[PDB]
Every structure is written in structure tokens, then in C-alpha cells.
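Take a look at this single chain in C-alpha cells; it is the form deposited in one PDB entry.
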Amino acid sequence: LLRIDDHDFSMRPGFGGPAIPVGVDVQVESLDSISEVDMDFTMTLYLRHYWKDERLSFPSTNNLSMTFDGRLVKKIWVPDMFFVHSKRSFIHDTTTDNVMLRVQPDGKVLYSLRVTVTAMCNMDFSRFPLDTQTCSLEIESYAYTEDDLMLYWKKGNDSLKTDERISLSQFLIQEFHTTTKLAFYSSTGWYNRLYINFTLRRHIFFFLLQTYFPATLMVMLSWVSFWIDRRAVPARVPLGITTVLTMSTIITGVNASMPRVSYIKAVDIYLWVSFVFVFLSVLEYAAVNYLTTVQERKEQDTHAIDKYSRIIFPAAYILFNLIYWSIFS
């Protein structure tokens, strides 16, 4: 039906003349995973192309579109899109190549394929884990400059659809939209580039329950010492030491999961402030013990330091929490 043997498909339509326009639209099937250690995400989508080539015209009386097997895609000419700044990708091939080709009697062509991509995304963790991130996926032609191929969104802002099933267990997904920009390479020229943009927001419940509550409970345990007879030395000393030693484990367990950045995160501040709060309660009792021994040496109830600590330590911690949650909201 299609006159495939007649023509040299190594050359584009309009070869030697003005640029060929090619339109694009997209449907996202899933957003698959995200990594902070590697700074990347994975996405699966359907991608579609539109153009006209009169070498693929055929006669009919119905003026309708026809579908063809799919093994003809490797005989005709086809555009050459690639994903910019991507780590890896593939096209699906079970039970056969997931490819579709439809042609109109005047030579208009529709071409579609299903693909999975993993792409680069630079992340900022200064407000972690109360953070927000923004991402994009880039599309461009490899071989043809804007003097030979013209690339655009087919229907404007309506060119992007999203599956209603899309979900991530740790993030809220929002603000899908599309943009365009021109790009330059020194050795080869100017190119059109298409963008798909979106925003992510992290859920905090896991981190409350797994980090912020136990640190608070250790701080509250250290306060119990102020309520115990100053004469019970082998009770008051280990009570403080054990809380110091636990707070160290919590600090280690948090930071072992993240990338080794060169700046402080919002969770680090909270944990290290709680550490100094616990550390100071040990020096307090050391002072009380020394001053009591001096009194014994002079001579040979509740001490004022205990009496004041019972008020001062909790008030200070409450002030710190008010400030912190005013800053990070």
C-alpha cells in the first residue's frame, strides 16, 4: 500500500529547504521513585509525535486514518528526540515493541512510544525535613538544529495529561506545567528544548514520631535528677550519663541516612541543642557535689542550685521550642 521501495529515507522531508515542524504531546503514567543520596527521579510516560511526509501518501475514498503493524518504523524516516541530562532510559518490548504508527492518505503521520527515564535533580536540604523541591524533564533533538527542525508543543498548555493513579508515599505532588527555551552548543549550533515541570512537598509525620519525640523525652528524663536527694550519688550520676549516651545514638541514627552535605540541616540544630541541654545537667550535679564537700571540710535540705535548676531548665527548653517552630513553621 505504502510505496516504501521508491524513496531514500536517509533524508528528511524538505531536505535542502526550510525546516520541518514537529509537534509533541505527552501523558505521564507514573512517578516511580526518588533518591536524595543520588539526587534523581524516575518517570514512565507515553510520548507522541506529529508531522507530514508526502512520500507516505496513498489513495482511498474514505479520507480516514489507518494503523500499520509497526515493523515499518525502521524503514521510513522518523524524528530523533532524546532526554537531556538523563542517567538512563529504555523502551518497553513485551510482548513486542510498544510502538504505534498511524498514517492519513495525504501523508500526515502519528507516532507513539512508551518509555521509562531516570533524570538528574539538584536538591537543597537546608530546611530538611520541612523542605520543598522542584523538578523538570528536558526534551530535545539530537542531530538537527532549528534551521532544519522546529519543535513545539502541539496543543499549547493542553499538551500534558496525568494519570489519576499517580502517588508517592512520602511526598505531595503538585503544579505540573510545560515551558520552552532555546539552547546553544559551541561546536554545533542552536536547538529548541521543551520542559515538563513539577513540585514536591514532604510529609513530616514520620520524622516527628521517629526523631523529634524521643529527643524531647531524653531531655525530660534528665530533669528528674533535680528531684532526688543530693546524697544518693550512685543514683544521680548514672541517670545523667545514660541520657547523654542515648542522645548520641539518636544523633548518629539520623545522619546515617542522608548525603554528606557541607552545610547544617534543620534537624541537626534541634538534636545538637538537645544534646547540650542534657550535657549541662551533669556539670550541675558535679558542682553540687563539690560544694557540699567544701561545706563538709569547713564543718569538720535542698541546695540553691537544685532549687533554681528545677525552674530554669524547663523554661529555657520551652523558649527554644517556641523560637524553633516560629522559624521553621
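The numbering used is simple: start at 1 and walk along the sequence shown. Here, rigid core means the biggest group of C-alpha atoms that superpose within 1.5 Å across both forms.
According to the entry, the stretch of the deposited sequence that connects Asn63 to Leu64 contains no residue lacking coordinates, so the chain runs unbroken between them.
The same protein has a further form, the form deposited in another entry, not shown here; the description that follows concerns it.
Only one entry in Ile166, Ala143, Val73, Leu208 has its C-alpha moved by 2 angstroms or more between this form and the one not shown when the rigid core is superposed, and that entry is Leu208. The rigid-core alignment places the CA of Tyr185 less than 2 Å apart between this form and the one not shown. In the core-superposed comparison between this form and the one not shown, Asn157 has its Cα shifted by less than 2 Å. Once the rigid core is used as the reference frame, the Cα position of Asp93 differs between this form and the one not shown by less than 2 Å. Note: the CA-CA distance for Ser167 and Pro259 contracts in that other deposited form relative to this form, by 3 angstroms or more.
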